[PDB]
Amino acid sequence: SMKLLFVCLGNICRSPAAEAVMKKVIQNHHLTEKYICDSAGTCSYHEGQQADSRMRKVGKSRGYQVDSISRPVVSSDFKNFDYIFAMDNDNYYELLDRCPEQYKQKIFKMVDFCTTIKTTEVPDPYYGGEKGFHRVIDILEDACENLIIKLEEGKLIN
């Protein structure tokens with residue numbers, strides 16, 4: 001059973017949505033015995049908090065239960081998870097900075113699985129309106145669908 005970790009800064013907007021969307025995609029592909037998901041953040045500021053009330057609202061409205069409790073990436077995560085997906089460039093380089101050498105090859109950018117939406121990142125929606133939250137979901141429905149295909153093709157093996 002392969003383990004997938006989605007990472008943003010605070011683990012209250014983007015990566016909780018990523019986690020929900022992926023769980024949904026996996027279940028639709030009848031793959032729940034093979035892949036499990038979790039999410040975490042580079043920063044521990046929001047540790048213990050529920051997902052942002054706006055993202056839960058927009059999430060539910062888009063067909064998703066965004067039910068995570070914020071938690072920070074820890075050292076065991078680099079060992080215990082099989083693949084780790086950063087929401088933006090800052091998360092990406094921050095994760096690489098902390099990751100032991102033997103494990104760096106597990107780290108990917110979420111947006112490098114996007115096949116239709118042209119974006120450099122999953123943009124931080126916190127300081128904007130609800131349209132920004134839908135945009136996050138849009139990007140995650142694109143990336144996540146392609147990702148399950150690529151995992152199942154064994155393309156992520158280094």
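Please note: Cβ atoms are built from the backbone with ideal geometry, for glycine as well, and neighbour counts cover all protein chains shown. Read-outs throughout are calculated quantities, based only on the coordinates presented, and are distinct from any laboratory measurement.
State the number of residues belonging to segment 89-111 that are under 25 Å from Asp52 (Cβ atoms) and not hydroxyl-bearing (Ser, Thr, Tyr). The qualifying residues number 11.
Kindly check whether there is at least one residue in segment 2-18 that is closer than 20 Å to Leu156 by Cβ and charged (D, E, K, R). Among the residues of segment 2-18, at least one is closer than 20 Å to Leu156 by Cβ and charged (D, E, K, R), which makes the answer yes. Selection over segment 108-119 of residues that are surrounded by 14 or more Cβ atoms within 10 Å (Cβ to Cβ) and either without any contact (Cβ under 8 Å) to a residue 12 or more places away in the chain or assigned to a helix (DSSP H, G or I) (or both) gives a count of 3.
Between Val136, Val122, the distinction of being in contact with a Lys or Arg (Cβ under 7 Å, 6 or more places away or on another chain), within 17 Å of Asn11 (Cα to Cα), assigned to a loop (DSSP other than H, G, I, E, B) and touching a residue at least 40 places away in the same chain (Cβ under 8 Å) belongs to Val122 only. If you filter segment 91-106 down to residues that are touching a residue at least 24 places away in the same chain (Cβ under 8 Å) and touching a strand residue (DSSP E or B) at 6+ places or on another chain (Cβ under 9 Å), you find that the one that is farthest from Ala17 (Cα to Cα) is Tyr103. Number of residues in segment 31-58 that are over 23 Å from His134 (Cα atoms) and among the aliphatic types (A, V, I, L, M): the value is 2.
For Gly128, the criteria (1) part of a helix (DSSP H, G or I); (2) more than 13 Å from the chain's Cα centre (by Cα); (3) small (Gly, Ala, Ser) hold in every case but one, which is (1). Just one of (1) β-branched (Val, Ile, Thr); (2) within 17 Å of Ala20 (Cα to Cα); (3) under 13 Å from the mean Cα position of the chain (by Cα) fails for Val73. It is (2).
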